[PDB]
Each structure stands twice: as structure tokens, then as C-alpha cells.
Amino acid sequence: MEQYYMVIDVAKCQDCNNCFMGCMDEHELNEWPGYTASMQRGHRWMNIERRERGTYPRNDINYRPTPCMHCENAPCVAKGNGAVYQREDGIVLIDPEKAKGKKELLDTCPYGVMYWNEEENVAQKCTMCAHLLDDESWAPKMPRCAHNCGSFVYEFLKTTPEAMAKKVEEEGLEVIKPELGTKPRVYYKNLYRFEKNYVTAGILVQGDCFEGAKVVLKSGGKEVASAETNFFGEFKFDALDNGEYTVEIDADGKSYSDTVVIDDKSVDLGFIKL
């Protein structure tokens, strides 16, 4: 009873939208009997989230491609009244005919991945191109996003729960909204880029960028991170949870220290003149 899983590496998304152009190519002008009626222009089965952090000039941005989670404990399957079903391989599919005329289906999603197709009068969403996965003729044996990528963001695999769990731990994979307990089969790598924050700055000694200064990040009073400044005098502590932190800097025997508040925002301390 081997299942499907998908791994996305946020650090690698460049937002070229090859994925998205991938569904549209597969679903906008085509109909797949048994899986889904044609897609409605404007929907984002594949939704790429965008998030900018920090402020000029030490800012950054990361993206998060978001298809259907196809979670193991799918709420809309549990509340779809038979309009949504889970296959043995783990793919969650909406019955194109049984789901017709039911707007309420959308609200059963904690992720908001299904969309209402006006003309077809039915909820639609990510099918993980099950219609392609079920066909031998489709040599790639993977969804359109993954196959359209030119940035090596996706890793599509069909294996056992033991194999996937092992992988989750070796690579530190994570899911969106773990606290809901739906257990998505779509994992994210480097998700901290998208969900956490950082603190950065640039150290100057006598007017020039100072390389090799030792910097330490503290919370509560204990070291949480350490680093040395590059040739631009900068350091950057990412994957930070909200809270208060203390940055201690040591360069040429000269010490500097300051507090920083992380509240769903990354901070740029600017130039620290030592």
C-alpha cells in the first residue's frame, strides 16, 4: 500500500511560476472524466505564496508553492458526505459529479485550497494529476509542477510511511499548520525561510567593514546562535521565533551589545560603528 508524497524546498523557489502554468496547461482546456472538469481561469490549485522580510537594504524574500496538502486525516473527506474521497495511495479527490451544487465543501478545508468553478457549479482543487499518475504512458510519473520545475524544488516520491518518516527526520521536513493534526503528505524543506524571522546588521571598525568579528545571539541569557562577520561586516541569524533577543558583538577587543524584538518581522540593526 505504497503512498504518494511531495517534498518542496522553499530555499529553492524563485517564483517563475512554471508549476502554475503547468496545471493550467493540464487543466484549463482539458477535461479529465473521473477526476475533474476543466479548471476555471483565476483559480490557484497550485498557489505560490510570497513573503518579503526585513527592510531595505538588508531585506529578503522567499516563496512557498502550495498545492493541495492531501493530508492523511483529511477534514473535508470526513465532512464531505461522500463528495470527497481518499484513495489507498493517499490522494484526496473530489468527486466531480457528487460535489456539484455544493458551495459548502470549500469551508471544510483548513488550508483553503479548493476553489469554486462558476460554470461547472462545483468545488475544484489539486488532484496531484492522479489522471497522469494512473497512466503508464506518462513516462515522468510525477505531477506537472514537479516536472515543470527548472529549479529542483520538488522531490516527488511513492514509498512507505516508514521511509517517509525516516526522511522527515533526516532532513528536518515540516508541514503547514501541524497543530491541526491533518498530517499533510506534502512536506517543506527550509520552511523557516518562509515562517520565521532573522536579525541582521553590519559592523564597521574605523570606517570600514570589519570581517571576522564574533557575534552571539542570546535569549533569556543563553547563547542561541553564533557567527563571524563576512567581508561586508554582516551577520544574519535566521529561523528565529518571536521573542526578545540580545546581540553581543566582539571586534578588536571592542564590545557592543543590544536588544532586539522579533514580532513576525525580521530586523536590520543597520551599521554598528565600532
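Each residue number is its position in the shown sequence, starting from 1.
For the pair 54-62 and 218-226, the mean Cα B-factor is higher in 218-226.
Of the two stretches examined, 109-117 and 166-174, the record assigns the greater average C-alpha temperature factor to 166-174. Per the PDB record, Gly101 has a higher Cα B-factor than any other of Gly101, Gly181, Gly150, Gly202. Remark: of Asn73, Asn197, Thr127, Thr159, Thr159 shows the highest value [criterion: C-alpha B-factor in the PDB entry]. Among the modelled residues of its chain, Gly42 has a C-alpha B-factor that falls in the lowest third according to the deposited record. Among the modelled residues of its chain, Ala78 has a C-alpha B-factor that falls in the highest third, as given in the PDB entry. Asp241: CA B factor in the highest third of modelled residues in this chain (values from the PDB entry). For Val92, the recorded CA temperature factor ranks within the middle third of the chain's modelled residues. Per the deposited record, the Cα B-factor of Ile272 falls in the middle third when ranked against the other modelled residues of its chain.
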